[PDB]
């Protein structure tokens, strides 16, 4: 119960703002599995740097959504481990977008999947769905964020079955003792290790890319037959940047999508007035 309710506008950078809402640091065990993931980040330092530079487009939005819901701000780092904040990322299980929704879970959250539009890549739709899913999982596991994260990665069924197996054997049923697939064994310590580094990067000899505490994009209502090319030309925008903000459109063809477009803040007023 650290509710900010809109005073976090005063923070200079996004990292400080994120740190303000961290909720999982108090209870971090010193399980060696966390140390193991911490070393991975230190020895692959370009991973966080590249994720941060891409993340600069999206992180402000993610942070504000988490704050509004009073959810742990460590979850603003979840796309780092899921997708390196690359919304075009696609796993071999066909997990898609920043939040790595598989097709069936995406479908459950009404993240539409056509040949030209994939709602799982849509920044705003996918983020709100992911936070809703995470909240639901947390509720299903009696408020335990470790089990919720495990279930996000492995599925609620897998985690529940692991719990019941341990109950029958007379083993403890906390996340750390569950016999989960290796990916899920690594998943939670990975997030915890990364959050420790983000909390105190100096202490690991790391420097984070400065990211300002300001919105990068604004949603603009548009018409049906307006191409990204046309919007780019109209506002003298970099078409690559527009695509990175609107990655749901495969082949950059604006078909099959909602009548909303994310545009850079500095051109938002012009495009609002021009298109709407």
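Positions refer to the first chain, counted from 1.
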The stretch whose C-alpha atoms carry the larger average B-factor in the entry, 169-177 or 98-106, is 169-177
Averaging the C-alpha temperature factors as deposited, the higher value of 203-211 versus 22-30 falls on 22-30
Comparing C-alpha B-factors across 231, 42, 63, 53 in this entry, the winner is 231
Comparing C-alpha B-factors across 226, 248, 48, 57 in this entry, the winner is 226
The third of the chain into which the C-alpha temperature factor of residue 158 falls is the middle
The third of the chain into which the C-alpha temperature factor of residue 15 falls is the lowest
For residue 126, the third of its chain by CA B-factor is the lowest
Entry-reported C-alpha B-factor of residue 74 relative to its chain, by third, is lowest
Residue 142: CA temperature factor from the record, placed by chain third, in the highest
